[PDB]
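**Q** Residue numbers (the authors' numbering), protein chains in the order written: chain A, 54 to 105; chain B, 3 to 106; chain C, 1 to 56, 63 to 1118; chain D, 1420 to 1502; chain E, 78 to 91; chain F, 527 to 789; chain G, 203 to 423; chain H, 1210 to 1237, 1252 to 1262; chain I, 2 to 95.
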DNA sequence: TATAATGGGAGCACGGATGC
DNA sequence: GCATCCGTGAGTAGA
Ligand SMILES: [Mg+2]
Ligand SMILES: [Mg+2]
Ligand SMILES: [Mg+2]
Ligand SMILES: [Zn+2]
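1. Quick check on the burial criterion: 16 or more other C-beta atoms within 10 angstroms. Buried or exposed for residue 63 (chain I)?
2. Closer than 8 Å by beta-carbon distance: list the chain H residues that pair up with residue 1042 (chain C), in chain order.
3. Along the segment 304-319 of chain G, what residues have a CB closer than 7 Å to any CB found in chain F?
4. For residue 608 (chain F), go through chain D and note every residue whose CB falls closer than 7 Å to its CB, in chain order.
5. Assess, as a yes-or-no matter, whether the segment 775-788 of chain F is touched by the segment 1064-1082 of chain C under the definition of 3 or more beta carbon pairs within less than 8 Å.
6. Give a yes or no on whether the minimum CB-CB distance between residue 95 (chain B) and chain C is below 8 Å.
7. Does residue 178 (chain B) have its Cβ less than 8 Å from a Cβ in chain C?
8. Answer with buried or exposed for residue 60 (chain B), where buried requires no fewer than 16 other C-beta atoms within 10 angstroms of its C-beta.
9. Runs of 4 residues minimum, wholly inside the segment 342-417 of chain C: which ones carry the alpha helix (DSSP H) assignment?
10. When we look at the beta-carbon of residue 671 (chain F) and count the other beta-carbons within 10 Å, is it buried (16 or more) or exposed?
11. Do you know offhand how far residue 153 (chain C)'s Cα is from residue 567 (chain C)'s?
12. Mind listing which residues of the segment 598-610 of chain C have their C-beta closer than 8 Å to chain A's C-betas, in chain order?
13. By how many angstroms is the C-alpha of residue 123 (chain C) removed from the C-alpha of residue 613 (chain C)?
14. Short of 7 Å in beta carbon distance, which residues of its chain neighbour residue 662 (chain C), apart from the five on each side in sequence? Order them along the chain.
15. Which residues in chain F sit within 8 Å of residue 329 (chain G), going by Cβ to Cβ distance?
16. Return the Cβ separation of residue 746 (chain F) and residue 715 (chain F) in integer angstroms, given the expectation that the two are a contact with Cβ distance under 8 Å.
17. Any C-beta of chain F within less than 8 Å: which residues of the segment 1458-1469 of chain D qualify?
18. Roughly how far, in whole angstroms, is the beta-carbon of residue 630 (chain F) from the beta-carbon of residue 728 (chain F), given that I think they are within contact range, below 8 Å?
19. Would you say residue 579 (chain F) and residue 10 (chain B) are within 8 Å of each other, going by their C-beta atoms?
20. Would you call the segment 281-298 of chain G and the segment 227-241 of chain G touching, i.e. three or more CB-CB distances under 8 Å?
21. Three Cβ pairs or more, each shorter than 8 Å: is that satisfied between the segment 1004-1013 of chain C and the segment 684-699 of chain C?
22. Answer with buried or exposed for residue 543 (chain C), where buried requires no fewer than 16 other C-beta atoms within 10 angstroms of its C-beta.
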């Protein structure tokens, strides 16, 4: 339901060193299938830190 | 009174002068700095009326308490600005000139 | 995915460079690449050679010219609103005849607009295209006199504004009359001025019986050329004193002066070809050794008499022949305006030469460049042929540059254009596209250049053909003008060939456009391809041969309205012309040489070529075009990729892997759906929104100025009187909205304050001020806000300030702020969709996925089209596209089906069979037999005669699948649609017309100055125009009060509208209307005309509608 | 006398209508000379003046119609009855 | 018809 | 003579013509006063005549007067009165009106013959004053002005104003019109039904009468204000009240396309 | 020709010059008349052009200044190979000229544009049609001021007639002008201190009523 | 339109002109629209 | 279609007369705050709110519905205008 | 305020009332 | 009767 990227202000953007535009990155993040094991859990924030 | 009729007819020079609130003697519009109408020009407030509601040119009478009163200093009647839509001027020709509609 | 291509036609030559009609023209005009001494006399060179030398210092002469480098690059020019241009210097030398003094100098003539790489211009930061103009070619023509059968009018036509049309006629009284500037005079007179004598005319024109007798006038031959010259001058110039040198000057200027009268090079050539003579100059005659000498006139009169007589070999001219109509490209138009401005500069030069110090003068003192700059600027700015460029997608621009207008300066004015000029001529074949033209008032006037077509040096359009010698087709390609094409028998490109030899004893050909059946021995030439008959847009329509002309026109046109989509794909069925369209559009980024990819980024792609040099390609990202469609290039390669010359690096907008992508490939069903598709409307699935199909990025520009005023300066500031932090939240320290902030209607893009006008507070304001004990501020809120129904995310802000480096605004302007607001538009109800076949419509419903008609395997269709659109429109191409699309859906492949050499029904049946095996056999393997519903549908189809009775259910489902029909289940009921329904992949585009940019409403708002009637347009928050015909509607309904409202309260009655609004907000009934202000304006404007208009009561007593304000 | 629609419309007695059709100068000059009075009989004239057209609900046959309930009707009836 | 021409002619008579 | 947005001046051509006239007149008076010869005075008088002519009817006799650096003829009084752009046809026999809007038409079947789909935002702007009064009657706003300011920004709008807007338009009708209006059925009355989205929903049966289809046609909406105007629109102009063509007499609203197909 | 005046106009003004010359000529100097007349003709024509050319009249000296600025900027653009900035023109104009002065001089030399200049390439549209009227009050404005007067009267009715009349005379709601304390004091027959105190208590009661009902707040903008 | 006697006050003129004019774009010696205008 | 519009057209010799009658009656209703209505409480036009049924705000609907009953009298020269106005102001103050 | 100067410059259609 | 001279040639939107 939401995406934050460091040093990225809005959806139409390009991160240096990255091939995909933020729109395409989000388009990929729409296809992420996330399973919750705990029935009481309404929300989760996943963190991704990568480089090189 | 109700308007039941509309009449159209030629205008005598006297009729034209009776419509006129003043003669335009100068081919000038507005001052190049003050941006206010020039005296005896096409935009003169003396003739056609004031720019601002119930206020004269120099600002002596600024309120509705004076209505119909013509300023002595600037010669501008203190009244509604809307009269600038309604007030005819005139130009007195040195020689007669044919109205093209009735010639051509 | 694998791409299968059909057709047996092998194109010998590729499509020529598509924008070459622009590029090569302007190049040829500028000659900036040529060293000054090697320059030809064509182009602005011609202008300098025509204007100079300037005589009567005594003489100023032209040496050479040069073009410098652009002071600013293209992108910077778009940023700062500057014209992309190069400085033009001209080397001149002043020479005094007596003195011998020679003063040489290089003078600055101003700047000239440079054409960009793609064939466009940048004028004040706005991209513009100069549209080519078709007109009647210069030359000598002979046309039938409409009044007198058996008699003919000879016409001598020069270039536009190059001097007078001259008409030669044989009068009812027998004499030959010449018409110049609407003056009829005997031609014999001019002939005598030319130096002709009765002897010469008797021997030359005598062969034609009794015509020459009308040319014989004794009084004319009784006087020397001088007396006839003075007589002619008195005839052409009444009231002007008949001085000799004045007569010589006027007549020379009228005919022999190359600086005034000029035929075309085309005109010269055409007149030479027609009259069978040779012209020394481009004029009608010359001044040589003191006298006038004939060039044109005599052979012209000779041909006129020969035609009038019936002498064989003389014929009338078709003025619509494309040999008689030529194209003026951008170079020629610019050159013309250049010639004009240069001549004005010359008049200024002479006027300067009479004045001033006679001894001390330099070319810098004599030359004022202002008129030249003015002519160029005016041509590139306010001209008709200069059009705001259409960049909506790449194809838009490409087609725009290829337009041909019969309109414009020196062109046909509208409504004066009859069926003749708007028609498709037989000579348009291979030259101008018979398909693509605007519908409505512009039909036939605006056209498009054909694909293979070329415009030669003379301005005529040529089409390629192949040489056929003795039933063998060579690869030799000859480009022909229409007149040359008329000479030969030209076979069609689909003509059967075994190797290079014609394989049929009957071939279909053309002789002067006429279709004829001939033997291979009679075949001189052959078509290159069917592609050459149609435009670039029309060439993008698959199965075009199955579509009626008009819908084809619509599709062809609408393809330029296609909006670039973020997920956009190329069509499942293409014509093969896609890649070329992308490449010539310069939208996509291509590899310059063979090499390896060093770096890949969203911003930039770095490539190391064979040379070893490192080339960095910066990528254009989220750039706003003229129409507000997003322009961005996405990298199509990865780091370390090995690329060859011309390989794709980055994909432009509306491009998928270098193929033109104007839309999405969707799965459609053709069937009525609950009246939601009624009358061309379309029903789409929410799934399209879910996967972001038909979603487009749009950037809008907002601008505001802070200027110096007499009441004190306007300034951009975060301090806005009487506003909360809620309102100022997204504003930065300086008052400009921060990057990334979402904006909505009413929000402040740029805060600005303006010193209030002179304020005399009304007693109410005074008392209120006293009550609240607060001082009324000096400034008021002028801030730029988001207009109704707009907004989005703020992606950019530009701020320019007076007193800052590299920055100078227009006088009085302190600072300029531009905000860019971008939005991502999902497909919504009211948005316009269309295919390439002309089917178009707005989305009237978006269904949840569960309601959509679905396949047995559970796959719902994307789009439901109404079959009721097909039969009356007669475009069947969409049907075939749907079939082949089905096959390509289940086989997971794409096709190329060229126009007129296509995929054919049997082949499509083969592919459909192969597909059916996948669509069915998979199911049968999974452990599922035939459904009951399928049996029911199969029963219905048996009764329909669609399937053969007695075959197994599977075989019948195949029989239906080969017809491109499938069993379809209703999403709501679960029951099947009683009949089998056509389902398949179709290419559908989302057009530029979106309900978001359209929907508008107004209660009250701004009014016009004089009439006090509401403004027009959405931009001004204006009211809808209620026209004369609407008033007729209300009258015919007999609704008096509604009409009276429209006429008074709702528009120009000031008292009435104020009273109305106040009555409504108070919950009262609207008052009785009064006299509308526009009527008062009429009365006063009539009084200005010295006509007294009086409104009277029934007693004929005057009534004042001005209420005593106008009476003393 | 027979004359086509254009000349018939130009020949009409209302000068506002004729002037608002076409040949505005001609119409206005002849009308001005003759000192012509427009009686506002037709639709166009009244449309220009922003008045209520003499057709439909603006008809002299209708617009003067009154509506009264029985209570108020009796109430006025007795006032008429007592005088 | 053309005022300039007419005035030039009137001038020419002197 | 008015100062526009950027601070520059825009003016009518009549001022230029009047300037010409005044100048030539004054020069004539001074020429006479100084006792100029006859040729000069004659010329001046001629020019004065042509000036008056250009003022009253320009282009009528001779070359039409133009501005410096322009080929555009100045616009005179005669040009103001007559023509398609003239006062009568442009500003008198037709006018641009308040309380009106326009949008893209889209079909819907659900509508009864007397109804049409009206977008919420359009309805808000069209009926705005009524919405203010109603917002005052209810507790949504203290007064009129507060209500208007509340409607000014899109994020200041709550659902109460929408329900109130429903209470406003109840029983009321709007006029829908599609250009060109070829006959009196080119304008028809409908009871609006407020719908999400920006498109105007049109009933299939009136399409034929309007000559409207769904390939991107747009319609204009108008709001009759007075109780009289509303009575007229509801009795006389209501879509369901005109079923037959005033021309032929045959039913104008009848099954077509998909309807005929199904039946 | 082309200076903003018609050929014939220039001819007539030149004729005025010619008349001045005929009156001022002295044949004693042996010169041809053409020589002396030419000066007065040129002078008359130039005076004419400077006076009558512009719709908004610029005094002849100022015109000359503007023209000098033109020729200066033109010389600079001819030498530099580009249009000059304000600063460069300021330099080339000598002492007493800065960028601001040049900018204001160019601003004051701006000629007005025609309301009838066609927008779009067609016979359809006029520029003046797109320009709003900022003078006449919008219906919303009229409504606002009306509601303001009505609300102010509603607020002044909660006072006694005397103090409300004092406030109306002091703020000028009655005759249109604001009376001094001595005039209102002489009208009600009290000391100026007394009438000022009545004004104060009236204003105070109004401020209390306003704090309570919060009715007049919205009109404060 | 109502299949009954016309109501007094109906403007039948505009109705007539519209009735004649509306089909005009559908109209295709002289035939069609030109002939109509001829009459 | 407006309810009973056929019957409403049956009542008048000209449809425009019906229009005038309805419009005027609705003006009366608005002016007098509906207090002059000829409708019984069960005959009152209702509007469905978020809360519940409230009186119909539309005076035209009211006027037509009233006209359907026959309790209204329409015609020309029934009573002097000022007399009608004043009697209505007496019976139902505004 | 004075050598003498003296005549411009540019640039489709059909129907209908009139005019020679 | 045949030479001129003249007025007019859908609508909304947009720009
Ligand atoms: Mg249709
Ligand atoms: Mg349509
Ligand atoms: Mg300086
Ligand atoms: Zn004063």
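Backbone N, C-alpha and C fix where the C-beta goes; we use that ideal spot for every residue, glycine too.
**A** According to the data block:
1. buried
2. By Cβ distance, chain H contributes 1220, 1223, 1224, 1227.
3. 312, 314, 315, 316, 317, 318
4. Ordered by position in chain D, the residues that pass the 7 Å Cβ test against residue 608 (chain F) are 1443, 1444.
5. Below 8 Å, too few C-beta pairs join the segment 1064-1082 of chain C and the segment 775-788 of chain F to call them touching: fewer than three.
6. no
7. The requested residue 178 (chain B) is not part of the displayed model; chain B covers only 3 to 106.
8. exposed
9. 369-372, 376-388, 400-407
10. Looking at its Cβ environment, which holds 16 or more other Cβ atoms inside 10 Å, residue 671 (chain F) is buried.
11. 47 Å
12. So the close ones are 606, 607, 608, 609.
13. It is roughly 22 Å from the alpha-carbon of residue 613 (chain C) to the alpha-carbon of residue 123 (chain C).
14. 574, 575, 576.
15. Chain-ordered, the chain F residues with CB closer than 8 Å to the CB of residue 329 (chain G) read 536.
16. Not quite, the Cβ-Cβ distance comes to about 13 Å (not below 8 Å), so this is no contact.
17. Those would be 1463, 1466, 1467, in chain order.
18. About 10 Å; that fails the 8 Å criterion.
19. Contact: no.
20. Counting Cβ pairs under 8 Å, fewer than three are found: no touch.
21. no
22. Classification for residue 543 (chain C): buried.
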